[PDB]
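Two forms, one protein chain; structure tokens for each follow separately as structure 1 and structure 2.
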Structure 1
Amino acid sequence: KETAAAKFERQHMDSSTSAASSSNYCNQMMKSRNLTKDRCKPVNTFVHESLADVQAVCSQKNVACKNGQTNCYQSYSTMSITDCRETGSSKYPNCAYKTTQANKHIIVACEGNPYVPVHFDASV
């Protein structure tokens, strides 16, 4: 009984740490958040800002989604994030990732009532 909003929080939110993600961060996080249960999710981004700040993006800059849909929004301010990218030698179930911190604008898709983030589209 996990909503799309809850799923977005599980896959993309990590407010706790003021971003100091070690080189082990993604290996631990991708596993702890169950993103390597059925397969090694190739790419996944974690946002370190507050839930309120990320939810607020749904009222910010409306931009086209990569899939052509029109319900994506870009944050006006840059946000602290951590990108997780599966390594080349990574082999399920032992999913391995490269951890890379960044400060960029995020683009999320929003749906529902309340209108909240349900998909992370990209960082720019």
Structure 2
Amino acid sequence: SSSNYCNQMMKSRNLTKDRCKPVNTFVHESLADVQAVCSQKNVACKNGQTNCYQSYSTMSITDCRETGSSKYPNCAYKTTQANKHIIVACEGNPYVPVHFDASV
């Protein structure tokens, strides 16, 4: 709930308006460059399906993780900025990211 980037964005993007979500990652690149990962390095997903893709380059990301003392309604997050390879699961047509699988 409010002040640092994670508390504000988790609320504005409707992730913590009615619950506290333990972890969430935000990617800070242009949307089309993130969508472009679906034709980059094909890798297996954690669940064994093979519709996951890893970005060739690292991307700027912000990890938001609830502190050990966060409780609904006052969710509280620690903000960590990183540049990581993202791994996304892709589906559909256009073949676009539908889930985060990991980040390296």
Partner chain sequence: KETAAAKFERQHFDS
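Rigid core: the largest C-alpha set superposing within 1.5 Å between the two forms. Counting starts at 1 with the first residue of structure 1 and goes up one by one along its sequence.
Two forms of the same chain are shown on their own. Structure 1 is the form solved without its partner chain. Aligning the rigid core between structures 1 and 2 leaves the CA of residue 70 offset by 1.2 Å.
Per-residue C-alpha deviation between structures 1 and 2, core superposed: residue 37, 3.0 Å. Structural comparison between structures 1 and 2 after rigid-core fitting shows the C-alpha of residue 102 displaced 0.2 Å.
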